[PDB]
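A.B. asks: Just dropping this structure here.
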Amino acid sequence: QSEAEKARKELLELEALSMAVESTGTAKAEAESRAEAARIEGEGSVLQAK
Amino acid sequence: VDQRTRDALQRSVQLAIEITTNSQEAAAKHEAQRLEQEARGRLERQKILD
């Protein structure tokens with residue numbers, strides 16, 4: 001079980017990076033889509049006010 | 001001189017064989033358990049390494 005845990009430490013190291021990528025991708029996508037839609041609505045509202 | 005005394009001594013040697021056979025069966029059983037444990041211990045490391 002000591003050697004099994006020595007390898008399992010490395011697996012748990014790699015799953016950390018996988019979970020980091022899988023969380024930051026969802027966060028970045030859902031943020032940037034709403035930022036782009038807000039930019040479109042603002043640039044529209046300038047012309048609508050004119 | 002007695003026949004009964006001779007009969008009591010054959011039952012003394014019909015158990016000295018069983019001591020040896022039960023001993024070799026116990027030694028083989030311990031070796032089988034040790035090998036099954038070593039096989040399991042390498043397979044369990046190989047799964048995490050995969």
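A.B. asks: Just to verify a result, which residue in the stretch A:2-22, among those that are facing chain B (nearest Cβ under 9 Å) and of a type in the set (A, V, I, L, M), is surrounded by the fewest Cβ atoms within 10 Å (Cβ to Cβ)?
C.D. replies: Among those residues, the one meeting the criterion is A:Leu11.
A.B. asks: May I ask you to verify whether B:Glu36 is in a helix (DSSP H, G or I), under 23 Å from A:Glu5 (Cβ atoms), away from every other protein chain (no Cβ under 14 Å) and without any contact (Cβ under 8 Å) to a residue 60 or more places away in the chain? Give the derivation first.
C.D. replies: Working: in a helix (DSSP H, G or I): yes; under 23 Å from A:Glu5 (Cβ atoms): yes; away from every other protein chain (no Cβ under 14 Å): yes; without any contact (Cβ under 8 Å) to a residue 60 or more places away in the chain: yes.
The answer is yes for B:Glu36.
A.B. asks: If you don't mind, another one. Only one residue in A:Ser33, A:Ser23, A:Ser18 is in a helix (DSSP H, G or I), within 19 Å of the chain's Cα centre (by Cα) and within 30 Å of B:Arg42 (Cα to Cα), so which one is that? Before the answer, list the steps.
C.D. replies: Values: A:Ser33 fails: within 30 Å of B:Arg42 (Cα to Cα); A:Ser23 fails: within 30 Å of B:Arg42 (Cα to Cα).
Of A:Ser33, A:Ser23, A:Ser18, the one residue that is in a helix (DSSP H, G or I), within 19 Å of the chain's Cα centre (by Cα) and within 30 Å of B:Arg42 (Cα to Cα) is A:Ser18.
As a convention, Cβ positions derive from the backbone with ideal geometry for all residues, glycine included, and neighbour counts pool all protein chains shown. Laboratory data are not the source of any read-out in this text; all were calculated from the coordinates shown.
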